[PDB]
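Taking the form deposited in one PDB entry, here's one chain by itself in structure tokens.
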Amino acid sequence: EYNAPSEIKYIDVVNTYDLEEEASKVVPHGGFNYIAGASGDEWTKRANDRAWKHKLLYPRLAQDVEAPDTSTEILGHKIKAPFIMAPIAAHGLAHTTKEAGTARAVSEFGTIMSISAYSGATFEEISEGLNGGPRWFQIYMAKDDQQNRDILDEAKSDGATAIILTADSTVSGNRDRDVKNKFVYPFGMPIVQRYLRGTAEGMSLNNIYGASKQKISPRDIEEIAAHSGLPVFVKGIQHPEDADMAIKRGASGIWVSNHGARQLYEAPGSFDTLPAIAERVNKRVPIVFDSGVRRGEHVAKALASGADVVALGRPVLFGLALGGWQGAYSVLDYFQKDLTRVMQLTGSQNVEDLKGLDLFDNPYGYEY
């Protein structure tokens, strides 16, 4: 019923954009379009990408820099580069090794794995791929309090060192590709099966999101932090007022995101929202930035604009489709090498230096 790729191999990554077309040749049509697609006619996914041309990097010369160091620290974790893996559901749509393959790439590379509540793999299967590597658990909340306590407890017992509350998906975005393809999951989701009564296999994302909590309030941020005793990120923030609210409600981190343009349509590109959120956060908690990171220049620009790290999504999954853990690893390696070049050319010896960069304002936008 679903024949995902199974080959494991390193891949030569020239750029991450070319991975999308390459993955379209190996991933079944429905699954591929679930991964690649976005809301409406995808204008906000294009905005995520074109937003990077709004703020341009300066080359800097005679900066006394050599062999830049990409390493950084977040919430007590030293990581190889200032990027983590975003929480993404159902990795088995990309590759038979599913979340275990992604986890092995992430742990082998040296950064943090975010586990989706809508994983097709069990915590045991992901833990085998991680081999001790650090992990954060992304909760899609149950409506039932006890089921949230049980999910959180399972995640922390598996070794989670933060909780990501994704709050921007109380209902599905208008994902026209998935509507046209009548996309349903071809396998179950063991972590949230408890609140689907029946199995996620043959269900639409509309109906799984429909089972999760719609009426998320700030109390939920408080109650997740109190129960887990772990730092809580609030993910999906695009408006500075939600950042201030989340922090005052007990969040330990702000995760700036529009879900890869999969949720609200005719909204800004994610990168354009980052400065106003960073200025309102004003150093109170760490910021993770995502939605549209494709190049080392994007990592640099996010850091220069207030993000502590970025999260990587689609490009890593396309890498998993093309090579299993080694393909996914190839993408993480591409980003680290890509960033190293950009650090050398911007005069940046280390990740802190990137946070100090001035960017050129491009008022003409993409067409210039």
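Numbering starts at 1 and runs along the sequence shown. C-alpha atoms forming the largest set that superposes within 1.5 Å between two forms make up the rigid core.
Form deposited in another entry: not shown, discussed below.
- A 2 Å or larger CA shift between this form and the one not shown, after fitting on the rigid core, occurs at just one of 240, 202, 159, 250, namely 202.
- Put the two forms on the same core and the Cα of residue 323 is off by 2 Å or more between this form and the one not shown.
- Core-superposed comparison between this form and the one not shown: the CA of residue 24 exceeds or equals a 2 Å shift.
- Relative to this form, in the other form the C-alpha atoms of residue 322 and residue 338 separate from one another by 3 angstroms or more.
- Here's the thing about residue 320 and residue 78: their CA atoms end up at least 3 Å farther apart in the other form than they are in this form.
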